[PDB]
Each structure stands twice: as structure tokens, then as C-alpha cells.
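Comments concern the structure below.
Side chains included, hydrogens not; waters and symmetry mates left out as well; all remaining heavy atoms used. Just so we're on the same page: letters track the sequence lines, and every chain starts at 1. Every number for a ligand or one of its atoms is a count from 1 in the order of the listing.
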Amino acid sequence: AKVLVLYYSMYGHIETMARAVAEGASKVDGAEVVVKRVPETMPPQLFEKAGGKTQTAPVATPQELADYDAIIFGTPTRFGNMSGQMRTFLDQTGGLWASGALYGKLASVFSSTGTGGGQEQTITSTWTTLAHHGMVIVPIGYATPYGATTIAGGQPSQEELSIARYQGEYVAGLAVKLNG
Amino acid sequence: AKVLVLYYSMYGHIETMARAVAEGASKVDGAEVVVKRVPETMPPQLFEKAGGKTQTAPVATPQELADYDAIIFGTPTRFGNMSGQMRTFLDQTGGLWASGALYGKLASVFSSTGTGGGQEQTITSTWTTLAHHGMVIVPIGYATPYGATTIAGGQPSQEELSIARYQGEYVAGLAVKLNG
Amino acid sequence: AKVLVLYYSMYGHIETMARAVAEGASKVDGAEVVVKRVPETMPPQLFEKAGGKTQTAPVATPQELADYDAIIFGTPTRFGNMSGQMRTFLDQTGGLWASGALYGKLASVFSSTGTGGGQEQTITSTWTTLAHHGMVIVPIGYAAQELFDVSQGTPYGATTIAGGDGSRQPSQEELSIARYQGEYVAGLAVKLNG
Amino acid sequence: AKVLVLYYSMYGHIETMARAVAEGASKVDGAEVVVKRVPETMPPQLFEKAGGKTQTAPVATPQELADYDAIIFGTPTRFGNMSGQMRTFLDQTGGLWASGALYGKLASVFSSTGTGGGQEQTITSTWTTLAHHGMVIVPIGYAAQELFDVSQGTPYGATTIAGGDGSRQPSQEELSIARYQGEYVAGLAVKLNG
Ligand SMILES: Cc1cc2nc3c(=O)[nH]c(=O)nc-3n(C[C@H](O)[C@H](O)[C@H](O)COP(=O)(O)O)c2cc1C
Ligand SMILES: Cc1cc2nc3c(=O)[nH]c(=O)nc-3n(C[C@H](O)[C@H](O)[C@H](O)COP(=O)(O)O)c2cc1C
Ligand SMILES: Cc1cc2nc3c(=O)[nH]c(=O)nc-3n(C[C@H](O)[C@H](O)[C@H](O)COP(=O)(O)O)c2cc1C
Ligand SMILES: Cc1cc2nc3c(=O)[nH]c(=O)nc-3n(C[C@H](O)[C@H](O)[C@H](O)COP(=O)(O)O)c2cc1C
């Protein structure tokens with residue numbers, strides 16, 4: 001089974017989490033795992049002004065999402081929604097939606113946040129979009145039950161990285177169960 | 001695989017939909033399907049005063065939910081939430097939650113509504129609870145993409161019953177794919 | 001302006017929060033505050049057996065919600081929704097809905113959790129129902145720090161942690177946010193209604 | 001009171017709705033209404049190629065949102081969220097957030113869909129962001145029928161159906177609800193702010 005870890009990160013927190021998710025997924029025999037990012041939409045000038053951490057993962061196109069059996073989406077919490085960069089990217093998946101290309105595939109979500117709350121709303125409002133594509137949504141339950149998170153007030157903790165690894169391992173296991 | 005269609009209905013609309021969901025699930029070879037209701041919480045006197053349609057399906061206990069591979073939950077739209085009767089019933093599943101008994105099982109939701117809106121919110125706020133139990137959530141996508149619905153202003157339509165049948169068939173098929 | 005603090009509590013955490021909300025609201029001259037609870041639906045024997053807390057607050061009827069300018073709703077988090085008791089009570093407000101009785105009145109929400117998860121969803125899924133009634137929804141955001149009566153969660157409404165075992169009680173930091181929420185909502189109610 | 005109607009539209013449906021919202025708001029003496037759009041993020045060539053509609057409204061900056069007493073946000077439904085363009089714009093309001101610039105101001109939301117699905121989620125997931133800013137959220141409920149300027153969807157905010165092909169335009173029934181939403185919100189803004 002093919003598993004995509006698809007993420008947006010500005011300051012590296014989701015990037016770190018995405019590596020952990022990928023590690024967990026890679027524990028599952030028969031899971032082929034790849035990590036990609038959505039494009040930065042900010043001109044580099046503005047990204048640098050804001051103190052961003054330049055991302056180096058390969059950039060996904062919206063159309064290649066169709067190639068995977070499971071997609072695990074990472075986004076920072078942005079006032080209780082996904083980031084504009086992830087939203088912009090998902091707004092480019094209209095051609096897949098019309099073709100039913102993601103229908104029935106597994107989806108799961110992880111997030112990063114400060115200490116102000118909103119991470120639950122970010123995850124569940126991301127689920128909405130996944131459901132429009134007919135994706136099967138995988139929460140983590142009481143291994144937020146909605147998906148792995150990292151909370152930075154002011155680097156993810158050991159325990160946060162372990163829950164992220166679990167989410168990857170669990171989703172990848174389901175992907176192999178459904179798809180070989 | 002064992003599929004439970006678990007519902008609350010006061011005026012029969014969800015009851016009719018539940019039969020359609022069950023029919024669809026029963027199309028799948030290897031799916032064993034049962035339909036049950038959650039208890040009415042209103043004293044019969046008050047249920048009758050309100051013009052309720054007495055329900056005759058076997059009543060589920062909260063604890064038996066653990067026996068199924070997939071649970072398809074039906075609730076009317078009640079100001080954009082599930083009904084109090086379904087909420088009361090799910091508030092009695094604390095013992096299952098602590099034991100992880102529903103973890104990883106398939107869940108899906110259907111609803112009934114008037115013409116005032118709220119059905120999307122009813123379905124997605126039901127998903128939240130399912131996710132606390134670690135259930136895998138199955139939307140219907142563009143077969144609301146969130147689950148089958150029936151809309152009665154002032155009996156479900158042929159097309160509404162067909163989408164409900166589809167939801168049962170699709171969920172049951174996944175249940176057999178995952179569980180034999 | 002008349003402000004109702006309407007709550008459900010099984011083990012007393014929301015009850016303590018409700019009292020704090022009412023204390024804050026009472027600070028506003030010209031706000032008449034009252035605290036009421038929704039009925040317990042569990043048979044008394046099962047409630048007592050479960051370690052439920054008996055409570056002094058009068059039991060509200062659905063009809064009387066019409067009599068207030070602002071209603072501040074408290075519910076524990078129950079798998080990311082309001083409690084069955086609060087949901088059952090709100091399902092009895094159909095007559096109010098049909099007459100427009102709550103349209104335009106202020107609403108705000110506070111909650112409690114065992115270990116944190118689901119609080120956000122409890123509050124926002126309660127907002128949905130308030131919106132069907134046409135109520136104006138008041139989140140708390142992150143208020144100016146000098147407006148809290150203690151120096152120093154979510155922007156959706158005040159919350160408190162009960163612990164996995166339910167034995168934790170609200171801290172003064174949590175209660176201060178609850179008091180702020182009451183004061184803020186009551187102030188708005190007086191501004192709109194005298 | 002100053003009311004901003006801030007919107008995103010690709011094919012003009014939200015634009016037409018925004019104009020209706022502004023018309024309604026303009027009915028309120030003492031409300032100064034303005035309509036602005038968030039920037040298009042698509043390169044002009046791709047936008048034009050996609051059949052996008054060019055628009056007269058001035059482009060808002062994030063900073064200027066601080067200058068209004070009420071902000072009525074319009075966005076099409078994009079898989080049950082606001083558009084990437086509106087989300088990108090709101091992600092630039094961090095400075096406003098930190099200073100409390102929008103705290104306590106009125107917010108309300110309107111939308112559009114191709115075939116209906118997801119409108120409710122678009123509106124309520126936009127409310128989430130408004131709540132992080134501490135804005136007071138105004139749903140429309142089901143208003144008294146005599147307040148609509150046409151005789152005769154959701155209680156969350158006004159919406160309109162564009163059709164699967166995008167060729168449907170808002171009906172006078174839909175626009176009447178949009179006009180009501182503007183009038184209602186502007187009235188509240190004047191009541192709170194003069
Ligand atoms: C515009 C904006 C909005 C934010 N909103 C929230 C929020 O709602 N809650 C919160 O606690 N943190 C919020 N944050 C902080 C980010 O979620 C947090 O810094 C996260 O770790 C960043 O992930 P990244 O390093 O992968 O970009 C926000 C940040 C930005 C830039
Ligand atoms: C308290 C209450 C609240 C309701 N809220 C809504 C609502 O939010 N939107 C709507 O269109 N219909 C609403 N309805 C109507 C029911 O969703 C509708 O009648 C449904 O068909 C009933 O399903 P049943 O026959 O299975 O009980 C509500 C009904 C009740 C009793
Ligand atoms: C059925 C049930 C479900 C619960 N769900 C959650 C939950 O989703 N998240 C959580 O942290 N605590 C959960 N709790 C703990 C309650 O939120 C806790 O008992 C409550 O906040 C205490 O408030 P009270 O003393 O006012 O009843 C649940 C409790 C029960 C009985
Ligand atoms: C990427 C994308 C996703 C969309 N998602 C939905 C949707 O979830 N539900 C729906 O009925 N229409 C959907 N639509 C149709 C838009 O809602 C429609 O184009 C919009 O309402 C028109 O508003 P506008 O003319 O102001 O851009 C989508 C359109 C795009 C481009």
C-alpha cells in the first residue's frame with residue numbers, strides 16, 4: 001500500500017511531526033511511504049521577513065494525490081482552520097473531486113499549535129474537505145482523539161512524536177489491510 | 001462481518017431510512033445486518049402528546065455496540081445536533097470508551113431533517129463522538145457528502161432511500177473487506 | 001437586563017464554574033443574574049450510585065428561557081458534545097423556536113473536561129443550536145489581561161479540567177476566566193437592553 | 001458605526017451577494033458601509049483562463065479591518081471551508097490578533113455553493129476564526145418574515161446556489177435574505193457603537 005504524508009509547515013513544527021508520522025508508517029510491512037509538502041504561497045521575501053524555515057521536501061502537485069492508498073495531512077493550527085497554503089492546495093483538487101479519484105481512500109490529519117487552542121477545530125474542519133472527496137477518515141482516539149498534535153507555547157516533545165509515530169503506523173496498517 | 005444499524009426516530013423518518021440502510025448492507029455477501037433503536041427517553045404520555053410514532057425495533061443496550069464490525073447511526077436533526085435520545089444513549093458508552101471496545105471499528109451516520117438546515121452539523125457533530133471512541137468514520141462523498149439525509153418540509157423520497165441503500169451497501173462492503 | 005446562567009453538572013465542576021460566571025455577571029450594575037440547572041434525567045438511585053452531586057440550584061423549564069436577555073450555557077464535555085441532559089432540555093425548546101422567543105438574545109457557553117480533549121467541539125456544537133434560535137453568540141477570545149481578577153485555554157468559552165479521576169476542582173485561574181465571561185456577557189446585555 | 005462587507009468571489013456569486021448585504025446595511029441610518037474584496041491569489045492568466053470574473057471592489061488590506069465596528073465576511077464554499085483566498089488573507093491578521101484589534105466587534109458570514117453541500121460547514125468553520133479574534137458572531141436564524149423585502153436555507157448566514165455548472169445567479173428570494181443579514185448586522189452595530 002502507498003502512503004503519502006502531505007504537509008504544510010512555516011516554522012518547522014509540522015515538518016518535524018511529518019518525519020515522525022512517516023517513521024511510524026514505515027514500521028508497517030508492505031507500506032511504501034513518501035513525504036511531500038504543499039507549495040509555499042508567500043513570496044520568499046515575505047516568508048523570510050516572517051522568519052520562516054525554508055522547506056526542502058519535494059513539492060506535491062494536487063493531481064498526484066490520486067496515486068496513494070492513504071494520505072496523512074499535516075497543517076498548523078491557523079485560528080482553528082488549516083493554513084491558507086493547505087487550503088489553497090486543496091482548492092486545486094477540483095479535478096480529482098469531479099473524477100472521484102480520492103473516493104474511498106484513507107485520510108488522517110495531524111496538527112501543530114501554540115497554547116491558545118483551536119487544534120481540534122483545525123483537524124475536524126480539515127476532515128470536512130476530505131469527506132467531500134469521499135475519503136475514509138481515521139481519528140486516533142485515545143491513543144486529541146482527532147489526530148496527533150504538538151503544542152509549543154511562546155520543538156515537539158518525545159511523547160508528541162510517539163503519538164505521531166503511532167498515527168502513521170496505525171493508518172499504514174489499515175492501508176495494507178485494505179489494499180495489500 | 002457484523003453491521004449494526006442503530007437509530008433514533010420520533011416521527012418515523014429515520015425509521016424508514018434505517019430500513020433502507022439495512023437493505024443496502026444486506027446486499028453484501030458476508031454482512032450480517034441487524035437494526036436496533038436507542039430507547040425513547042420521553043415518558044409514553046409525553047411521546048403520545050407530541051404525536052410520536054411508536055417504535056417497535058429491538059432496543060439496543062450501550063454495551064452491545066462492541067459486538068459489531070460497523071455501526072451506522074441514524075438520528076434526526078435537532079437544531080444541528082443529534083437528538084437528546086441518541087446523546088443520552090451515547091453518554092452511556094463510557095464503559096466501552098475506557099475499555100477501547102469500539103476502537104478501529106467502522107462508523108457512519110445518516111440523518112433526517114426539515115427544510116431549515118442543520119443536517120450537516122448533525123452528522124459532523126455525531127462524528128466527533130465516534131472519533132472519541134477511535135472509530136473509523138465513513139462519509140459518502142458525492143454518491144451531503146457526509147451521510148444520507150431525508151428532507152421533509154411542512155415520507156422519504158425514492159432518491160433519498162436509494163442513497164441510504166448505497167450508504168449501507170458501501171459501509172457493509174468495507175466491513176467485509178476489513179473483517180471477512 | 002436579565003441574565004440566566006443555565007447549566008448541567010453531574011459531579012459539580014460545571015456547577016462551580018456556573019457560580020463563577022454568575023459572580024462575574026453580578027458585577028454589572030443593571031444586570032439581574034440568576035442560576036438554574038436543567039433537570040437530571042438519570043433515575044436518582046443510579047445517579048447517587050454513580051457518585052453524582054446533588055445541587056441547590058432551581059430547575060429551569062424550557063419556557064422560561066424567553067424571559068432573559070442573555071443566556072450563558074454550561075455543560076460538561078461528553079465525547080465532544082454537550083451532555084444528554086442539556087441536549088434533551090434544548091430539544092424541548094421547539095415552541096420557543098417557532099415563536100422567535102430567543103431571536104437576537106445573547107448566548108455564550110462554558111464547559112469542563114476530564115483531560116482536555118473535545119472541549120472545543122462541545123462549545124462550537126452548542127453554538128450551532130443557539131444559532132438555530134437566532135441567538136447572538138459571544139466567544140471569549142483572549143481578553144485584555146487586566147480584565148481578569150487573577151494575574152495570568154480556548155477562545156470559545158471558559159473551561160476547566162476535572163482530571164481523569166474527576167477529583168480536580170477548578171483553579172482560581174480557570175474561575176477567573178469564567179468570572180470574566182459572565183461580566184463580559186452581562187455588560188453586553190445591559191448595553192443592548194438597559 | 002462603520003460596517004465592512006469583506007468578500008472573496010471567483011465567478012461573481014458572492015460578489016452579487018455582497019452587494020445585497022451592503023444594500024441592506026445601507027438602510028440603517030448611521031451605518032457607513034463599504035464593500036471590499038480580498039486579493040485574488042491565482043496568477044491573472046490562470047484566473048482568466050478559468051473563467052474568473054474581474055471585479056470593481058477595492059482590495060482590502062488585513063490592517064484596515066481594525067477600522068470597522070462590524071465585518072460581514074463572504075466566501076464561496078470550497079469543500080466545506082472558506083476559500084484559499086479568504087484563508088490566506090485571514091492568516092495575515094496575526095498582528096491584529098496580538099493587539100486585540102478585532103475583539104468584541106461584530107462578525108457575520110454569508111456563502112455560496114454549487115449544489116448545496118458544505119455550506120453549513122463553510123459558515124461555522126469561518127466562525128471559528130472570528131472567535132479567535134474575540135468577535136461577536138451574528139447568525140441569522142429564521143427572522144420574522146415581515147423583515148424580508150421579498151415575501152417568503154440555513155440559520156447560520158445567507159447563501160445562494162450557483163448550480164453545478166456555475167451558471168445560476170442569485171434569486172430575489174436569496175438576495176432578500178442577504179439584504180436582511182446586512183440590515184440586521186448594521187442595526188446591531190449602530191446600537192452598540194452609535
Ligand atoms: C496566522 C496564525 C494563526 C495562528 N493561530 C493559532 C491558533 O488558533 N491557536 C494556537 O494556539 N496557535 C496558533 N498559531 C500558532 C501555530 O499554530 C504554531 O506556531 C505552530 O507550531 C506552527 O507550525 P509550523 O512550525 O509547522 O508552521 C497561529 C499562527 C499563525 C501564523
Ligand atoms: C426539537 C427539534 C428540533 C429540530 N431541529 C431541526 C433543524 O435544526 N432543522 C430542520 O430542518 N429540522 C429540524 N427538526 C425537524 C426534524 O429534523 C424532522 O422532523 C425529521 O424528519 C424527524 O425525524 P424522525 O421522524 O425520524 O423523528 C427538529 C425537530 C425537533 C423536534
Ligand atoms: C459519557 C462521558 C463522556 C465524557 N467525555 C469526555 C471527553 O470527551 N473528554 C474529556 O476530557 N472528558 C470527558 N468526560 C469527562 C467529563 O467531561 C467530566 O466528567 C465533566 O467535565 C465534569 O463536569 P461535571 O462535574 O460538571 O459533571 C466524559 C464523561 C462522561 C460521563
Ligand atoms: C475547489 C472548489 C471546491 C468547491 N466545493 C464545493 C462544495 O463543497 N460544495 C458545493 O456545492 N460547491 C462547491 N464548489 C462550488 C463553489 O462553491 C462555487 O464555485 C461558488 O459558490 C461560486 O461562488 P463565486 O462565484 O462567488 O466564486 C467548489 C468550487 C471549487 C472551485
Side-chain angles (χ1 to χ4, degrees), chain A residues 7-17 50 52-53 74-81 83 90-94 97 111-119 121-122 129 132 150-152, chain B residues 7-17 50 52-53 74-81 83 111-119 121-122 145 150-152, chain C residues 90-94 97 129 132 155, chain D residues 7-17 52-53 74-81 83-84 90-94 97 111-119 121-122 129 132 155 160-162 164 166:
Chain A
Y7 80 89
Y8 177 68
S9 187
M10 180 123 71
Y11 299 104
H13 299 86
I14 288 292
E15 181 184 22
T16 302
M17 293 282 284
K53 183 187 187 288
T75 175
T77 294
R78 299 291 192 87
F79 303 135
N81 280 192
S83 71
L90 292 171
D91 281 10
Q92 295 176 5
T93 65
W97 175 83
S111 195
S112 65
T113 190
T115 55
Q119 60 268 28
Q121 298 294 333
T122 293
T129 291
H132 278 70
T150 180
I151 294 168
Chain B
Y7 80 89
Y8 177 68
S9 187
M10 180 123 71
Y11 299 104
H13 299 86
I14 288 292
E15 181 184 22
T16 302
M17 293 282 284
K53 183 187 187 288
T75 175
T77 294
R78 299 291 192 87
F79 303 135
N81 280 192
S83 71
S111 195
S112 65
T113 190
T115 55
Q119 60 268 28
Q121 298 294 333
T122 293
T150 180
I151 294 168
Chain C
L90 290 173
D91 283 7
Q92 292 167 37
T93 66
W97 179 80
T129 290
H132 283 252
Chain D
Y7 79 89
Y8 176 70
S9 187
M10 184 138 176
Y11 300 108
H13 298 84
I14 291 293
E15 181 186 20
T16 302
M17 290 281 285
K53 188 178 171 303
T75 175
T77 294
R78 301 296 189 80
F79 303 133
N81 279 195
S83 72
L90 290 173
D91 283 7
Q92 292 167 37
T93 66
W97 179 80
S111 197
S112 175
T113 63
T115 58
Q119 65 183 358
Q121 299 296 328
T122 296
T129 290
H132 283 252
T160 186
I161 296 284

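Remark: the backbone N or O of D:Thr113 is not paired with any side-chain donor or acceptor of D:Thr77 at under 3.5 angstrom. A donor-acceptor distance shorter than 3.5 angstrom exists from the side chain of D:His13 to the backbone of D:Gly166, with no hydrogens or angles considered. A donor-acceptor distance shorter than 3.5 angstrom exists from the side chain of D:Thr75 to the backbone of D:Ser83, with no hydrogens or angles considered.
Taking only nitrogen or oxygen atoms, main chain and side chain alike, A:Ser112 reaches within less than 3.5 Å of ligand 1. Taking distance alone, with nitrogen or oxygen atoms compared against 3.5 Å, D:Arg78 stays at or beyond that limit from ligand 4. Residue B:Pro76 has no nitrogen or oxygen atom sitting less than 3.5 Å from a nitrogen or oxygen atom of ligand 2, judged on distance alone. Considering both main-chain and side-chain atoms, A:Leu90 never comes within under 3.5 Å of ligand 4 through any nitrogen or oxygen pair. Between C:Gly94 and ligand 2, a contact under 3.5 Å exists for no N or O pair. At under 3.5 Å, not a single nitrogen or oxygen of C:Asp91, backbone or side chain, sits near a nitrogen or oxygen of ligand 2. Distances between N or O atoms of D:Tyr8 and those of ligand 4 include no value under 3.5 Å. Residue A:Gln92 places no N or O, backbone or side chain, under 3.5 Å from any N or O of ligand 4.
In summary, the atoms of ligand 2 found under 4.0 Å from a heavy atom of B:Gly80, numbered by their order in the structure, are 8 (O). Close contacts between ligand 2 and B:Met10 involve ligand atoms 24 (P), 26 (O), 27 (O) [criterion: under 4.0 Å to a heavy atom]. Per-residue contacts place D:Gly114 under 4.0 angstrom from the following atoms of ligand 4 (heavy atoms of the residue considered): 10 (C), 11 (O), 12 (N), 15 (C), 17 (O). Every atom of ligand 4 with a heavy atom of D:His13 under 4.0 Å away is listed here by number and element: 22 (C), 23 (O), 24 (P), 25 (O), 26 (O). Interface atoms of ligand 4 facing D:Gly116, defined by a heavy-atom separation under 4.0 Å, are 11 (O). Residue contact check: D:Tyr11 has heavy atoms under 4.0 Å from atoms 24 (P), 25 (O), 27 (O) of ligand 4.
With respect to atom 11 (O) of ligand 4, the closest heavy atom belonging to the protein is D:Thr115 N, 2.9 Å. Counting protein heavy atoms only, atom 5 (N) of ligand 2 is closest to B:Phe79 N, 3.0 Å. The protein non-hydrogen atom at the shortest distance from atom 26 (O) of ligand 1 is A:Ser9 OG, 2.7 Å.
Rounding to the nearest 0.5 Å places CZ of B:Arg78 at 4.0 Å from CE of B:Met10. From D:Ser112, atom OG reaches atom CD of D:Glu15 across 12.0 Å, with rounding to the nearest 0.5 Å. In this structure, NE2 on D:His132 lies 12.0 Å from CG on D:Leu90, to the nearest 0.5 angstrom.
Closest heavy-atom approach to atom 9 (N) of ligand 1 among the candidates A:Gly52, A:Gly117, A:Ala152: A:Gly117. For atom 14 (N) of ligand 2, the nearest non-hydrogen atom from the set B:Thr75, B:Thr77, B:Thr150, B:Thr113 comes from B:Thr77.
The shortest heavy-atom distance from D:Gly12 to ligand 4 is under 4.0 Å. The closest approach between a heavy atom of B:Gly118 and any atom of ligand 2 is not below 4.0 Å. Ligand 4 does not have D:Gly166 within reach: every non-hydrogen atom of the residue lies 4.0 Å or more from it.
Within a 4.0 Å radius of atom 17 (O) of ligand 1, the protein has at least one heavy atom.
The shortest heavy-atom contact between D:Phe79 and A:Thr129 is O-OG1, 2.7 Å. Here the closest heavy-atom approach between residue A:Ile14 and residue A:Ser111 is recorded as CD1-C, 3.5 Å. Nearest heavy atoms, B:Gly12 versus B:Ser9: N-OG, 2.9 Å.
With a 4.0 Å heavy-atom cut-off, ligand 1 is reached by no atom of A:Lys53.
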